[PDB]
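As structure tokens, the structure follows; a few thoughts come after it.
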Amino acid sequence: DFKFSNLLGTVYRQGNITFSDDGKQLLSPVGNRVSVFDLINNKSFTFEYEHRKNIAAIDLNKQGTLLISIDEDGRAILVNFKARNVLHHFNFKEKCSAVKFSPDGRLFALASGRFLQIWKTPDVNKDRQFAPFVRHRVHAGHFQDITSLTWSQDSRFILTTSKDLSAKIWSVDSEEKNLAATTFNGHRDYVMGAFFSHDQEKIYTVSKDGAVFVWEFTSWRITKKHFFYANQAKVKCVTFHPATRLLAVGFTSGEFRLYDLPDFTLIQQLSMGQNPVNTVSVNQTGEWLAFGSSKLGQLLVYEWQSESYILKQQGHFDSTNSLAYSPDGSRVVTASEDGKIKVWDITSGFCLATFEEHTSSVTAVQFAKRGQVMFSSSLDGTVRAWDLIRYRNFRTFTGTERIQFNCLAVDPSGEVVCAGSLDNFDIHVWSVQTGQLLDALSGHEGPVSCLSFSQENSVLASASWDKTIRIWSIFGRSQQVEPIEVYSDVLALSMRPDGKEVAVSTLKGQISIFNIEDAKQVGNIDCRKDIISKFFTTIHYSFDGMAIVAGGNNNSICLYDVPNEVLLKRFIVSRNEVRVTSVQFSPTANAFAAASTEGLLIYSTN
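Numbered per the entry's author numbering, the sequence shown spans residues 4 to 221, 247 to 560, 577 to 620, 678 to 707.
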């Protein structure tokens with residue numbers, strides 16, 4: 004069946020980002036889920052699983068098989084990275100700032116408050132554990148919160164940094180030395196990073212005030253001191269890549285910097301925005317610098333030798349009204365209250381374009397199928413045709429007066445486009461080509477609020493405040509000149525593709541189906557499932589007319605069997678008001694897309 008697969012409009016929220024071990028993919032906490040970006044192919048996806056709250060910390064083990072993520076309350080989900088299934092939950096009972104697997108993947112380490120926890124794979128001797136990792140030791144030493152962790156390449160040692168202005172180094176395999184083996188004093192401000200150098204004979208400590216200390220064995249003594257002298261900015265994050273000797277630093281201003289150690293040579297000095305750099309990652313070759321800022325919330329992948337950006341996105345924050353799939357199913361396009369229209373590439377997850385001609389809320393968008401032509405309707409009140417190959421607005425249809433448009437229907441062929449208004453009881457009709465006004469469809473006696481064509485030429489259903497469905501043919505003879513009486517009110521109407529039936533969603537929790545030849549109700553579904577009086581405001585038939593997908597101002601999205609009038613699957617939108682305003686199958690119904698308050702949601706099957 005269908006599973007959550009993409010979260011569009013959001014690339015980074017909070018927490019740490021991390022490259023895969025080969026340096027080719029980037030993981031990004033995207034709220035309470037984790038996204039993965041394929042940087043060499045421009046694909047991304049989002050994991051199905053959700054945390055109870057926002058993610059605070061993640062790590063992918065070296066062997067590329069185990070993903071662990073931790074929400075703000077210290078509730079951790081461990082995931083089979085390659086099969087995408089959840090393997091386990093941990094409760095660490097405390098806020099964790101950082102988690103990191105040991106290089107050999109046998110261990111992982113936690114920063115929970117002031118403590119360093121070490122977790123291990125169960126010994127076959129103790130022989131009766133049902134968890135992939137048991138806790139092996141808690142290490143108590145710091146006076147305040149551990150800030151970051153760094154493993155020693157041999158996996159036997161770890162560095163912690165803290166707000167207590169020290170770093171410490173722990174022996175974390177040999178049983179049992181529970182106490183830090185060396186403490187590193189003392190910076191003025193919080194120690195942000197502490198790193199072994201590639202040869203393991205130098206340690207670097209970096210601190211919020213802006214200091215780097217070099218430490219060598221002689247006991248460990250400070251050997252040199254360096255300073256960023258960045259003004260009105262503190263170190264907000266830092267990482268180090270030992271083999272290429274690269275230190276990447278992100279500041280509370282938009283600024284980030286690249287150095288090498290131990291020379292402390294300034295290689296790069298740039299900005300990413302005007303907001304804090306919350307997380308930084310250097311990929312395996314050193315060639316690629318990743319940055320996350322929360323406020324906006326940006327994600328950057330930067331190839332610094334060539335001064336070019338591999339990836340550069342921020343979060344989107346529109347209120348979406350309508351969404352429409354392109355016929356190939358490659359893209360979905362969304363309509364926004366501010367009046368913007370956006371084009372999204374399903375496979376990359378990114379926004380290809382942004383039109384802004386509409387000077388008022390875009391109420392609907394719909395594809396002429398084929399080709400790359402998309403129509404939009406607006407309160408402003410115009411209908412606009414859009415070319416998606418050249419990304420422009422060639423035609424613009426209006427009425428002989430300034431009337432808002434609320435709904436939109438594009439004859440699939442598409443000879444003609446039509447739109448309903450609140451400012452009258454007629455359906456307005458334009459020849460696409462001419463592209464002038466045609467004789468309206470006038471018989472409704474309430475404002476028309478829903479429109480829907482079939483695929484099989486060329487039945488037009490409409491729905492009105494008058495609480496009736498009418499059936500039209502723009503040019504030929506209708507298939508039902510008689511009205512249909514719904515008791516009511518109709519929030520959404522989807523015409524079955526064949527054109528022999530129609531479905532509507534009512535103000536009661538009813539999806540009801542009507543035969544058009546008989547103008548009588550053939551099926552009613554009582555929609556009762558809404559993890560929230578209760579209804580649906582958007583429905584859509586699948587291509588073969590066997591399924592309806594539905595959402596409304598609640599937290600459930602429902603997938604109904606239409607013949608058997610049952611529920612196939614319910615999708616709880618969010619696990620922490679939630680609204681879904683537009684819902685639609687992809688052309689081959691291999692997926693469906695939902696415009697929610699939690700962003701653009703894609704559910705898929707494979």
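Don't be surprised by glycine CBs; every beta carbon is placed ideally from N, CA and C.
- For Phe453, the three-state secondary structure derived from DSSP is coil.
- For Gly343 and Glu545, the gap between their C-alpha atoms comes out near 48 Å.
- Straight through space, the alpha carbons of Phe319 and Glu699 are spaced by roughly 23 Å.
- Looking at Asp212, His139, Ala170, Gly213, the one whose alpha-carbon comes closest to that of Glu179 is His139.
- Shown here, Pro32 sits in a strand according to DSSP, grouped into three states.
- Straight-line measurement puts the Cα of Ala696 at about 24 Å from the Cα of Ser492.
- Listed in chain order, the non-local C-beta contacts of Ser321 below 7 Å within the same chain comprise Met300, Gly301, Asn303, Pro304, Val305, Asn306, local neighbours out to five positions each way being set aside.
- For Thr496, the enclosing beta strand (DSSP E) starts and ends at 496-500.
- In this structure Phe136 is buried. Its beta-carbon is surrounded by 16 or more other beta-carbon atoms within 10 angstroms.
- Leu436 sits buried, since 16 or more C-beta atoms from the chains shown fall within 10 Å of its C-beta.
- Between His456 and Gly427, the C-beta spacing is below 8 Å.
- Taking the CA atoms as reference points, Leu110 sits about 6 Å from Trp122.
- Annotation for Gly278: the continuous beta strand (DSSP E) segment containing it runs 274-279.
- With 16 or more other Cβ atoms inside 10 Å of its own Cβ, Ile206 counts as buried.
- The beta carbons of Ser506 and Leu519 sit about 24 Å from each other, so the pair does not count as a contact at 8 Å.
- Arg556 is not a Cβ neighbour of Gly325, given a cutoff of 8 Å.
- In its chain, beyond the 5 residues on either side, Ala170, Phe187, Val194, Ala197, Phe216 have a beta carbon closer than 6 Å to the beta carbon of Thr208.
- Within a 10 Å sphere around the beta-carbon of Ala143 sit fewer than 16 other beta-carbons, which makes this residue exposed.
- About 5 Å separates the beta carbons of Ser490 and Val476, which is inside the 8 Å limit, making them a contact pair.
- In this structure, the beta-carbon distance from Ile80 to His54 falls below 8 Å.
- Looking at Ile560, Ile539, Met590, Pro688, the one whose alpha-carbon comes closest to that of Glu678 is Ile560.
- With contacts defined by Cβ atoms closer than 8 Å, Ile601 and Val593 form a contacting pair.
- Between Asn19 and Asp74, the gap from beta carbon to beta carbon reaches 8 Å or more.
- Beta-carbon to beta-carbon, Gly282 and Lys264 are separated by about 10 Å, too far to satisfy the 8 Å threshold.
- Straight-line measurement puts the Cα of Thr185 at about 11 Å from the Cα of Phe220.
- Buried is the label assigned to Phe693, since at least 16 other Cβ atoms lie within 10 Å of its Cβ.
- Contact between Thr153 and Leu162 holds, since their C-beta atoms are separated by about 4 Å, short of 8 Å.
- Positions of the beta strand (DSSP E) runs, each at least 3 residues long and wholly inside the segment 372-421, are given as 379-383, 390-396, 401-406, 411-415 in order along the chain.
- Comparing C-alpha distances from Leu274 to each of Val308, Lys252, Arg249 shows the shortest one belongs to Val308.
- When secondary structure is reduced to three states using DSSP, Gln549 falls in the strand class.
- Between the alpha carbons of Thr582 and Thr682 lies a distance of about 6 Å.
- Looking at the backbone, the Cα of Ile61 and that of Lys6 are separated by about 22 Å.
- Taking a 10 Å sphere around the C-beta of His92, we find fewer than 16 other C-beta atoms and assign the residue as exposed.
- Judged by DSSP secondary structure, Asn691 falls outside any beta strand (DSSP E); it is assigned neither H nor E.
- Here the alpha carbon of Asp192 sits roughly 35 Å from the alpha carbon of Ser334.
- Restricting attention to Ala547, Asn598, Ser586, the CA atom closest to the CA of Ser577 is found in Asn598.
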